[PDB]
Amino acid sequence: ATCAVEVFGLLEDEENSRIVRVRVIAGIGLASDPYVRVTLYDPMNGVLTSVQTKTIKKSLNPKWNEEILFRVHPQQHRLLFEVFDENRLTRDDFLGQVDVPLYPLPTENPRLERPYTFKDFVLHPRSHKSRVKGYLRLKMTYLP
Ligand SMILES: [Ca+2]
Ligand SMILES: [Ca+2]
């Protein structure tokens, strides 16, 4: 409200911490009201936090175009993206996951405008039962 942009994850800056800007741009050819839960974790200690995007109603190609900032230990922490279909009266159906490291990533240049670029990541099953299709379009960069 007085905060336009929150930083999640580590609650203070240390020598070994950076802020990563995660753009959750779109889902492409998903298997329908999708959102993405973005979980920040450490292999040794498990989940630090998670943030959920808005839900896009009735779409197999949702354009969330949403940014989330996390304060992280870039060489230690990882991100798990899980896409779900929000169901009002039952369990939300799983539409796939992507799991990525947080180093190396480009650092933003404060003097220049952030260019639009992206990478597509194939969505993966979470069990033999998952029926998953398509890609998650993302961009991750460090703040100066
Ligand atoms: Ca639904
Ligand atoms: Ca539900």
# chains A, B, ... in the order shown; residues from 1 in each chain; ligands from 1
$ residues_near_ligand --ligand "ligand 1" --cutoff "9 Å" --atoms "only C-alpha atoms and all ligand atoms" --output "PyMOL selection string"
chain A and resi 32-34+57-58+84-88+92-93
$ residues_around --residues "residue 25 (chain A)" --least-positions-apart "2" --cutoff "12 Å" --atoms "only C-alpha atoms" --output "PDB file with N, CA and C atoms, in the first residue's frame"
ATOM      1  N   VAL A  22      12.673 -11.638 -10.240  1.00  0.00           N
ATOM      2  CA  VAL A  22      12.115 -12.788 -10.981  1.00  0.00           C
ATOM      3  C   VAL A  22      10.893 -12.308 -11.776  1.00  0.00           C
ATOM      4  N   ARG A  23      10.971 -12.313 -13.101  1.00  0.00           N
ATOM      5  CA  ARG A  23       9.803 -11.980 -13.907  1.00  0.00           C
ATOM      6  C   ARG A  23       9.141 -13.264 -14.324  1.00  0.00           C
ATOM      7  N   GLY A  27       2.806 -18.437 -19.240  1.00  0.00           N
ATOM      8  CA  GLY A  27       2.791 -19.876 -19.472  1.00  0.00           C
ATOM      9  C   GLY A  27       2.378 -20.107 -20.903  1.00  0.00           C
ATOM     10  N   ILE A  28       2.992 -21.090 -21.551  1.00  0.00           N
ATOM     11  CA  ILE A  28       2.801 -21.290 -22.977  1.00  0.00           C
ATOM     12  C   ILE A  28       2.390 -22.734 -23.266  1.00  0.00           C
ATOM     13  N   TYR A  35      -2.121 -20.151 -11.852  1.00  0.00           N
ATOM     14  CA  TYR A  35      -1.230 -19.244 -11.108  1.00  0.00           C
ATOM     15  C   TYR A  35       0.077 -19.992 -10.918  1.00  0.00           C
ATOM     16  N   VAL A  36       1.100 -19.286 -10.463  1.00  0.00           N
ATOM     17  CA  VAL A  36       2.379 -19.925 -10.227  1.00  0.00           C
ATOM     18  C   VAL A  36       2.725 -19.682  -8.773  1.00  0.00           C
ATOM     19  N   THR A  53       1.623 -15.961  -7.689  1.00  0.00           N
ATOM     20  CA  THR A  53       1.168 -14.923  -8.645  1.00  0.00           C
ATOM     21  C   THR A  53      -0.343 -14.763  -8.564  1.00  0.00           C
ATOM     22  N   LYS A  54      -0.871 -13.745  -9.245  1.00  0.00           N
ATOM     23  CA  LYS A  54      -2.299 -13.615  -9.429  1.00  0.00           C
ATOM     24  C   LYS A  54      -2.757 -14.827 -10.230  1.00  0.00           C
ATOM     25  N   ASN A  61      -2.819 -20.065 -22.136  1.00  0.00           N
ATOM     26  CA  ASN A  61      -1.610 -19.262 -22.320  1.00  0.00           C
ATOM     27  C   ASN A  61      -1.669 -17.983 -21.481  1.00  0.00           C
ATOM     28  N   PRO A  62      -1.563 -18.136 -20.158  1.00  0.00           N
ATOM     29  CA  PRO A  62      -1.682 -16.994 -19.245  1.00  0.00           C
ATOM     30  C   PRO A  62      -0.493 -16.045 -19.320  1.00  0.00           C
ATOM     31  N   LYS A  63      -0.792 -14.748 -19.287  1.00  0.00           N
ATOM     32  CA  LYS A  63       0.237 -13.713 -19.325  1.00  0.00           C
ATOM     33  C   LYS A  63       0.262 -12.997 -17.979  1.00  0.00           C
ATOM     34  N   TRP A  64       0.876 -13.613 -16.991  1.00  0.00           N
ATOM     35  CA  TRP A  64       0.927 -13.011 -15.659  1.00  0.00           C
ATOM     36  C   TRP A  64       1.690 -11.702 -15.668  1.00  0.00           C
ATOM     37  N   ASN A  65       2.824 -11.715 -16.371  1.00  0.00           N
ATOM     38  CA  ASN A  65       3.692 -10.545 -16.463  1.00  0.00           C
ATOM     39  C   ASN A  65       3.893  -9.891 -15.090  1.00  0.00           C
ATOM     40  N   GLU A  66       4.315 -10.710 -14.129  1.00  0.00           N
ATOM     41  CA  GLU A  66       4.426 -10.292 -12.738  1.00  0.00           C
ATOM     42  C   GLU A  66       5.880 -10.426 -12.282  1.00  0.00           C
ATOM     43  N   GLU A  67       6.348  -9.489 -11.461  1.00  0.00           N
ATOM     44  CA  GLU A  67       7.726  -9.502 -10.948  1.00  0.00           C
ATOM     45  C   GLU A  67       7.713  -9.755  -9.458  1.00  0.00           C
ATOM     46  N   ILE A  68       8.626 -10.600  -8.994  1.00  0.00           N
ATOM     47  CA  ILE A  68       8.777 -10.848  -7.570  1.00  0.00           C
ATOM     48  C   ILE A  68      10.248 -10.687  -7.220  1.00  0.00           C
ATOM     49  N   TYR A 116      13.898  -6.098 -22.661  1.00  0.00           N
ATOM     50  CA  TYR A 116      13.012  -7.246 -22.572  1.00  0.00           C
ATOM     51  C   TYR A 116      13.715  -8.446 -23.200  1.00  0.00           C
ATOM     52  N   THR A 117      14.049  -9.436 -22.377  1.00  0.00           N
ATOM     53  CA  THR A 117      14.534 -10.722 -22.865  1.00  0.00           C
ATOM     54  C   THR A 117      13.936 -11.806 -21.981  1.00  0.00           C
ATOM     55  N   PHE A 118      14.090 -13.069 -22.358  1.00  0.00           N
ATOM     56  CA  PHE A 118      13.463 -14.136 -21.572  1.00  0.00           C
ATOM     57  C   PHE A 118      14.075 -15.478 -21.948  1.00  0.00           C
ATOM     58  N   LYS A 119      13.793 -16.494 -21.140  1.00  0.00           N
ATOM     59  CA  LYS A 119      14.083 -17.875 -21.480  1.00  0.00           C
ATOM     60  C   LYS A 119      12.850 -18.718 -21.212  1.00  0.00           C
ATOM     61  N   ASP A 120      12.628 -19.708 -22.077  1.00  0.00           N
ATOM     62  CA  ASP A 120      11.544 -20.657 -21.896  1.00  0.00           C
ATOM     63  C   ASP A 120      12.073 -21.924 -21.234  1.00  0.00           C
ATOM     64  N   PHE A 121      11.387 -22.343 -20.170  1.00  0.00           N
ATOM     65  CA  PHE A 121      11.741 -23.526 -19.394  1.00  0.00           C
ATOM     66  C   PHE A 121      10.613 -24.560 -19.537  1.00  0.00           C
ATOM     67  N   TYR A 135       5.530 -24.636 -21.494  1.00  0.00           N
ATOM     68  CA  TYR A 135       6.710 -23.965 -20.979  1.00  0.00           C
ATOM     69  C   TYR A 135       6.323 -22.838 -20.069  1.00  0.00           C
ATOM     70  N   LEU A 136       7.247 -22.478 -19.192  1.00  0.00           N
ATOM     71  CA  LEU A 136       7.146 -21.280 -18.392  1.00  0.00           C
ATOM     72  C   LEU A 136       8.196 -20.279 -18.886  1.00  0.00           C
ATOM     73  N   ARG A 137       7.740 -19.077 -19.215  1.00  0.00           N
ATOM     74  CA  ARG A 137       8.608 -18.012 -19.714  1.00  0.00           C
ATOM     75  C   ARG A 137       9.016 -17.091 -18.564  1.00  0.00           C
ATOM     76  N   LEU A 138      10.325 -16.955 -18.360  1.00  0.00           N
ATOM     77  CA  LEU A 138      10.875 -16.296 -17.154  1.00  0.00           C
ATOM     78  C   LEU A 138      12.073 -15.438 -17.483  1.00  0.00           C
ATOM     79  N   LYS A 139      12.322 -14.449 -16.633  1.00  0.00           N
ATOM     80  CA  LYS A 139      13.581 -13.710 -16.694  1.00  0.00           C
ATOM     81  C   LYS A 139      14.030 -13.428 -15.269  1.00  0.00           C
ATOM     82  N   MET A 140      15.292 -13.751 -14.976  1.00  0.00           N
ATOM     83  CA  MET A 140      15.894 -13.548 -13.642  1.00  0.00           C
ATOM     84  C   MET A 140      17.185 -12.753 -13.776  1.00  0.00           C
TER      85      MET A 140
END
$ closest_residue --among "A:38, A:132, A:143, A:89" --to "ligand 2" --atoms "only C-alpha atoms and all ligand atoms"
A:89
$ atom_distance --atom1 "CA of residue 45 (chain A)" --atom2 "CA of residue 94 (chain A)"
24.4 Å
$ residues_around --residues "residue 17 (chain A)" --least-positions-apart "4" --cutoff "6 Å" --atoms "only C-alpha atoms" --output "PyMOL selection string"
chain A and resi 13+72-73
$ atom_distance --atom1 "CA of residue 96 (chain A)" --atom2 "CA of residue 133 (chain A)"
7.5 Å
$ closest_residue --among "A:141, A:75, A:39, A:90" --to "ligand 2" --atoms "only C-alpha atoms and all ligand atoms"
A:90
$ residues_around --residues "residue 42 (chain A)" --least-positions-apart "3" --cutoff "12 Å" --atoms "only C-alpha atoms" --output "PyMOL selection string"
chain A and resi 9-10+39+45-49+72-80+100-102
$ closest_residue --among "A:59, A:26, A:31, A:69" --to "residue 11 (chain A)" --atoms "only C-alpha atoms"
A:69
$ select_by_dssp --residues "region 52-136 of chain A" --states "strand (DSSP E or B)" --output "count of residues only"
33
